[PDB]
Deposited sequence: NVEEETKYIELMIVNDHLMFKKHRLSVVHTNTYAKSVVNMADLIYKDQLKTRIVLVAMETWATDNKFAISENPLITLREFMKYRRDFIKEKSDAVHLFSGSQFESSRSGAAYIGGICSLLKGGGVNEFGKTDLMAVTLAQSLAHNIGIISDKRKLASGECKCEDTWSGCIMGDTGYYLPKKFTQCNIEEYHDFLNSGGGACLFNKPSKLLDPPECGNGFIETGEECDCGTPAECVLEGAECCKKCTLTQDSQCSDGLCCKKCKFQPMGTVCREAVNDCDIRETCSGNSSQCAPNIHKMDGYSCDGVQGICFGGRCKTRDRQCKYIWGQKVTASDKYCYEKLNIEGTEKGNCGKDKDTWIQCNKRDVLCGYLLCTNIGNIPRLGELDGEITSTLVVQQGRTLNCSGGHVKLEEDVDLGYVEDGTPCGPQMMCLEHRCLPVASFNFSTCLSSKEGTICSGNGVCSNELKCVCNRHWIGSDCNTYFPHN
């Protein structure tokens, strides 16, 4: 499943001018330092998260900084992500900035929560430090990127506690004695993020690295045909297929999900089952050692029932938002709350925080305003309460909300953009707008207003994942075979 596979974070590191200065104005020294940091972070990740941190690209600002580095990690993160969107063009899962300055906050770095595999959010900023300390900082930034957060509710309730009372755990505040392990709740959060469709870009094994090839690293690079890694674990799998990074006579692979007993597993076999409604099952191609890259349904499909629209392979609803902000016991409040609170209210139902007259939401659809949930507790799972928890009361309904903030200026207490406010009707900026406004792309279809000529699902890469036994590009020709 998703939890036994190995995930690969193709990471790109950007060293600013201050980080360049901190290493005697030498490119090679900065590159070696960053490689060591990434290697220790990978050592931390591989043991517990079953995830490899692979450094695939790097750039150093030897001349000067491309933007003004601020002492606020969040402003620096926003500016760095804008620069990455505008200027950085290398393909990577995450792009993290190695900054030589020191941030003036409690945190040694800032990263977007669950933002990996995204152009606008897939990255973070980290401040200079010792190689081990800065490796811990990079590890926690990447954990934020892969949906691992410090659950305030469970920590206060004592549901889970870090097993190390000396060095603490990675998500906590770091002292002289650096942490080495994640809590069990962190592992569970990572697994939940993976099972919700997140991190679909972490299932490809990198082919080109920044390091010279090693016989036993694990990655099949140029020239090498097979690589089972260190011979210690090669006995479990690939011992009879690959020896000394060389094929053993009649052999087809070294390792992989789509290749068993040194032989290409027949085409059509399942290598990755769909984890949720937005995911697309991956089938072996019959001539590849590794399973196909994790593709899911494009942004626009309907997940669950009608309450959600896929966005990055993850279902986006109001109930899921309530659970993500407050807790699993919390459920979305009834539509009665919305239509009788957002129409007329102050600090209890609204669609904005303008100080003049708040916002008088129009009765077209008030589902895009204040996020009203049921059974809200006293503290949220993440963020910070900007104010006080709302409490409003032939049926009696418990109805509550909040104004939780996050690393950005976005208010979590409002309904996320993209949530369905109606049939063929989805929220955008506190306004229930038609789906045409989002400008969603489509695959190639031959009929009128269909998807891949009717039969066929459009994937995230805008290619038709054809139905069973339809070879045609637009899923139009039925070709019987076996």
- Going from the first residue of the deposited sequence to the last, where are the unmodelled runs? 394-397
